[PDB]
Amino acid sequence: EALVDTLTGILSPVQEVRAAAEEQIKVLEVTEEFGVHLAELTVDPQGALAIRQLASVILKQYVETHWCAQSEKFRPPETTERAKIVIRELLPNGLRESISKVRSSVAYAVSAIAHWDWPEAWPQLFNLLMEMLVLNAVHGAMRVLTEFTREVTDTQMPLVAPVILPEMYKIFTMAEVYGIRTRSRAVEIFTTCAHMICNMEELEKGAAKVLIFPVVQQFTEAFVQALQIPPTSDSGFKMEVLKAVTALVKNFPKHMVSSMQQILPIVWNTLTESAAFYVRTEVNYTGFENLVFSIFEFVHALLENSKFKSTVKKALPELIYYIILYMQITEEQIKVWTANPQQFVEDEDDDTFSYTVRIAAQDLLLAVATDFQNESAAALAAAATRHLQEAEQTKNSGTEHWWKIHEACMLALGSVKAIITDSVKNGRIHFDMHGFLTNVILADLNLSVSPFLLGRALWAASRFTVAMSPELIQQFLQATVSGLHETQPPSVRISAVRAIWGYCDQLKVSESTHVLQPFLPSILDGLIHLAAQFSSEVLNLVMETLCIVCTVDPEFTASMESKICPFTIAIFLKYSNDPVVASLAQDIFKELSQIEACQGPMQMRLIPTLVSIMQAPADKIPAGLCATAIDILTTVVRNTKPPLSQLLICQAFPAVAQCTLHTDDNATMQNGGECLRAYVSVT
Amino acid sequence: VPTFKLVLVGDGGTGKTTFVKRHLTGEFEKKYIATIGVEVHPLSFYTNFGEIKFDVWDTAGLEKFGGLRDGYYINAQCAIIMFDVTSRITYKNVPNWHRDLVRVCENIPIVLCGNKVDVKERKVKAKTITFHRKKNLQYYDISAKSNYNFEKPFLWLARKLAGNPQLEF
Ligand SMILES: Nc1nc2c(ncn2[C@@H]2O[C@H](COP(=O)(O)OP(=O)(O)OP(=O)(O)O)[C@@H](O)[C@H]2O)c(=O)[nH]1
């Protein structure tokens, strides 16, 4: 009746009606007939399901607030036993034949009730009946079990785990009636209980004791029985099983020592078969991603346990092949990257937040390399050679997707450049680096198969600069500089910019920059022209490469500062909000201020804009801009020669002084604080 | 014409009301005034093809000022978990916020964001965060004062709402 109109208010946006309904809820709750009304509203069919969920969640609040006088969140109107025994047999009537929303909400409520009444032990077997009664009914009990086992404290756990876990194995082993999803949720329940029980054993022992520890063996054998099965072919189910096995490995290794030598081969078969299936169905395309991530997480965890460390090293050369097999760019990703270069710069970056199979494989490879540098280097060499051979074989036949193995091979061999190049320095392997660069990298710069291969080749030549002929260096740099042009697609341009970063870093560390010297003006012109086409993420990279280019040779910058300074200032103005843009601008100005020949023009062109930023009202210029201007000024003054310019003392000092005086922003005062502090460094 | 209700669930004093106001109309406000309950600030957006309404249902972080947690999530179409890059506690219960959020509304596109990129990005939480990895959770970093990605979460939600990744304001 009118009991339900309030809830509609709770769902309404208008502030007044919502506040009124909320106060109606807060005032009527004290009556004991509340909970029965919530139940009769949420369980009854033929009603707006939103109201059902609302009643169920408010019932959760009720049970948390007016059920136990001992709870830290108790309210005066404690619940009478009549309403308790009424809802306790009227609430479970849900969990059935409805949309998963209201079922999960009613399950939330039940778990709230059952969280209190497991020790007092009312009949907690109505759901146990629903296990065998067929479907929607079972899903309700499964959600109930999940919520409850997530809710139980350390106290109830040594008592409820030896009760749920046996019935859990019963549900799992029975593959005739319980479908895939129900069994997967049972596995999730087991994993939750095991993780929390191991946490408890860490806190106060009692888990690995005379308790469920044998059931752990039972479930381990049940798992190792499951992975072989292709029905029950649900890949996500295999993912849940594998995640559970990872839990077992990481939590209590001691129990896993005996049977793991049987679990490893089936994991290996899963990895290989899934590699084939992925390359067929996602790479060359005219929850499986989660499965692949699960396999990789398992390998990661296997690398952790010291006793299990040598287990991977024995088969390492057989693993890196399939890793490199996974790092191929998928057709969907090619489409996206062609359609949105911003995404290409964000993803292929080496500090990204996206997580695709490619990135996970790259992480696995970097890990197994940094753990077994010599062995991993040898294995990567051998597997790269094998991939090269198979790629040439399938290239002679002219396969339409032969190059994606070249991309991944180059990526694997570059992303770990340190160990491989070091091993080649002492010849600990027999991988022909010169042959690699000539027949693999350079030879593929001339093809016309796909842009991304060209870009990956450019980026790959960057790492192995410490091992290449000067003629090779000139070849690669000439190709790269031609990469910044507009004639080429954007992706190869971006990759070429990254390659220029790599060159400017390696050669400088190699102290051989006179090879890059004749290429600077073309490089800088290409960089500048690129930054003016693309807006934000490409710029966030172009500016950093520009900073490194300035660091390359000061004389060139001193010659062409009239280009760097105006562009850098214009960008720092138009794109001032970004933090990395501000830091990059400050870095440019810092590296630029070392050049005494650039002092005059840099100051004359910058200090006016800086002070004009300082003079402006705090509510007129964009926020945070004053702080970055102050920091730029600090860098300029501190990183310059001791004798100060007339421009600074006549304009910068009084400008920043009055700015610090009349300002009120905490950040402004703070940053200006160091500004005036740095100013005291005058001799 | 179409109304898309979303929801913020940012724990603690991490910027949500500053965010919504700065998007609604105005600039950053320094003063901390914790919201008690929920205040919807209707926020419509024009697109290259169409027009989208995003009634932000800002919610309260702190416990005592909750009122009805999980109460207002019903009939949502997206949501923006939040935490500041400067605080450590605002992250370690993002799993809890997620479980409380995806339970009432089923798998709506949620964009775990991060506020105030200006101060110190990934300071005390960790230099990297592994929660958005496997799920349907697009991470980001925005600012309510600096106004850095301050259209990107809503762009992402609109794209994943109408479907076409070509929508632009
Ligand atoms: N200094 C600075 N503060 C910011 C910035 N962006 C957001 N803020 C924060 O915005 C907050 C304003 O509080 P609210 O927007 O109401 O968020 P809240 O503190 O969680 O309050 P509730 O919504 O009630 O939970 C301030 O505490 C600031 O810390 C920024 O770019 N710079």
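Numbering starts at 1 and runs along the chain as displayed.
According to its header, this structure was worked out by electron microscopy, 3.8 Å.
Using the three backbone atoms N, Cα and C, a Cβ is placed for every residue, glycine included.
Listed features, source Swiss-Prot:
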BINDING   B:11-18, B:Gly61, B:115-118, B:143-145  GTP binding site
REGION    B:30-38  region 'Switch-I'
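Distribution of Swiss-Prot features across the structure.
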residue: B:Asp11; record: GTP binding site; DSSP (3 states): coil
residue: B:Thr17; record: GTP binding site; DSSP (3 states): helix
residue: B:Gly61; record: GTP binding site; DSSP (3 states): coil
residue: B:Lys116; record: GTP binding site; DSSP (3 states): coil
residue: B:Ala144; record: GTP binding site; DSSP (3 states): coil
Those binding-site residues among B:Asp11, B:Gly15, B:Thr17 lining ligand 1, judged by a Cβ under 6 Å from any of its atoms, are B:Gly15, B:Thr17
For the binding-site residues B:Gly13, B:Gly15, B:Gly61, which one has its C-beta crowded by the most other C-beta atoms within 10 angstroms?
B:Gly15
Filtered binding-site residues (B:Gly15, B:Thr17, B:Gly61, B:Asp118) by Cβ distance under 8 Å to chain A; hits in sequence order, or none, are B:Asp118
Using DSSP, what's the helix, strand and coil tally for the region 'Switch-I' (B:30-38)?
0 helix, 1 strand, 8 coil
Suppose we draw a 10 Å sphere around the Cβ of B:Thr17 (GTP binding site). How many other Cβ atoms does it contain, all chains included?
22
Cβ-Cβ distance under 8 Å to B:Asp118 (GTP binding site), same chain, at least six residues away:
B:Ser143, B:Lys145, B:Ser146, B:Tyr148
